[PDB]
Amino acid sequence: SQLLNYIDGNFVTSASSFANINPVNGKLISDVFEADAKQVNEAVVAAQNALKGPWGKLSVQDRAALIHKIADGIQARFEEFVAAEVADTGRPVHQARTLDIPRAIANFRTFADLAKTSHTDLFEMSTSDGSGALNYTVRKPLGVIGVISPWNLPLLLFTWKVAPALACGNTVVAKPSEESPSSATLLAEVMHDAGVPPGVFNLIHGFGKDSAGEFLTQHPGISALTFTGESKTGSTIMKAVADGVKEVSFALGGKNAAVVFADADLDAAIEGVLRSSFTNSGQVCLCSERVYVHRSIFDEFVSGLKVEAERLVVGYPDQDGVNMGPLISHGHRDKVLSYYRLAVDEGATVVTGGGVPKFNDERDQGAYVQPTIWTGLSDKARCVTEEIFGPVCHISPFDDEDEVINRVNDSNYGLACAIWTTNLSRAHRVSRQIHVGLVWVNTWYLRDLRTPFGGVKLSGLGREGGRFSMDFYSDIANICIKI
């Protein structure tokens, strides 16, 4: 497999290539061409010029129709996209088929629709002379949108940025994670085949520092940088665009808590925390890595979770009852195992897992680890405060509602929280006091694309979703007419 850049309507190679590796078995999947600074410049310039071409002349309705055409194109090649996400990342085929690909299609359709229905504001005012004035606002394309995405839900998170950028009439230069370049490259093929004018969508491959990613962030030709990834990367990028005062939108790390109250439906909470800790092998930004369970049900909760975690099937993405694939890469597994060791050093009881499974086949050359549960750590332990991004959670008892609220909030992160309780008052009273951008009550990772999405503190800045994306990806202009 060879993955090229896509710049100004053409697929192009580069003077440097890097390997895409399958985490299931450590084998080479494809060669990826790393865009250099010159090619990043070429992509931004094409994007700037495309804003002045046919793309810029399309009516909102025609633009939306084209975007639905893009979505049709992905649907027409549904299984090729499934194969690509799975190859790159080792995610179970079931997850790619039911969540990943359909959601990436839903991203384009939802924002295309929003573009058609969205409107702006009219403000009347009085004036001295008594003839009055009108102020009206309009949404216009912001310009060239730089998109930089992570490896954990490659096409879903890529299209979550690209869909609204295009729906708002911008042009795009997007850099997917070096770990997961395939589905973004296939999407470039879909764009090309759907007749998207050259320069409107540009795909550049590579790394961050001193590579495609950094060059993009440094280019004076962009109008905004939207980013999803680690918090420290977010800070680095915010500094990079500071001189250009570029618009910025960041969804970043988390150290998410799940709270199980005594009045929770216990089997449901056990199933839910099992899903929220170990889905995608713990590699979702929304995963719960800290868990608080009322003292009265703590022991029973921990026993039940141990049992369920130990029935999880870890293996091939298309294996019968598979629950978990491997981690994204050997490098990431090194980091995760290092955290496994640190937890024992910090005094943790290992309730289950804590190592890597032994398959006695090619999977042993992959990047697998065991779902892991810890107990007995203090709230200030590193393993309870730092984002690990693997299939793990620490469980701690609590006694009081105000107590557990303070403990959930005692964090430099603030992305998401999940609360389990059958009590009406408690659900609402407690949810509003959690210092995060997203709370789920009695469920996890249900997403309505209309809702505002983002985090607080180190977990981000700004919101995307529904009208928040329509506002971020547009110039909002106010036009005032004296009458």
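The first residue of the sequence shown is number 1, and the count goes up from there.
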Quiz item: Do the C-alpha atoms of 164-172 or of 397-405 have the higher average B factor in the entry?
Solution: 397-405
Quiz item: Out of 339-347 and 242-250, which one has CA B-factors that are higher on average in the deposited record?
Solution: 339-347
Quiz prompt | Residue, from 97, 205, 119, 140, that the PDB entry assigns the highest Cα B-factor | solution = 97
Quiz prompt | Options 131, 135, 185, 180 - largest CA temperature factor per the record | solution = 131
Quiz item: Within this chain, which third does the Cα B-factor at residue 478 fall in: lowest, middle or highest?
Solution: lowest
Quiz item: Which third, lowest, middle or highest, does the CA B-factor of residue 414 fall in along this chain?
Solution: lowest
Quiz item: What third of its chain's C-alpha B-factors does residue 329 belong to: lowest, middle or highest?
Solution: middle
Quiz prompt | Chain thirds of CA B-factor: placement of residue 49 | solution = highest
Quiz item: Is the Cα B-factor recorded for residue 9 in the lowest, middle or highest third of its chain?
Solution: highest
